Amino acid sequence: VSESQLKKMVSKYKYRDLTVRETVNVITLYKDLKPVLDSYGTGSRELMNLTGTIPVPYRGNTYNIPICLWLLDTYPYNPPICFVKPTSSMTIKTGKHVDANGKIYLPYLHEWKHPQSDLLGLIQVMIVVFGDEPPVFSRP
């Protein structure tokens, strides 16, 4: 996805260059995260989200944890809405940082404030937190 393609996806966003800038930073460092424009809740509510996996080390090995980061049209002033997206080979683990719907809860999202808070910082936190408590486990 080129910068031009990203600009199109966020046409209705309030802070476009800022959203594109960070998205590029994210997909450049985390190559398995892909920007996708999809409807959220309502067919007319299209938002861009970063969907894919992030590398997380746990008890010895690295796992490609499936996530989805929805960027609201107010990004970066408001935090993204994040979810763990389990595949058929795994099961989501409800716990401290993951609720019944797979929504992620983190102090980083709770006190989110631009410009110090950003997606690179968020993903870094996820790698540390999920490395301690995986949000998904492979089926037996």
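Start at 1 with the first residue shown and count on from there.
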query: Greater mean Cα temperature factor according to the PDB record, 71-79 or 54-62; finding: 54-62
query: Residue range whose averaged C-alpha B-factor is higher in the record, 110-118 or 81-89; finding: 81-89
query: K34 - Cα temperature factor, lowest/middle/highest third of chain; finding: middle
query: Chain third (lowest, middle, highest) by recorded CA B-factor, residue given as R21; finding: middle
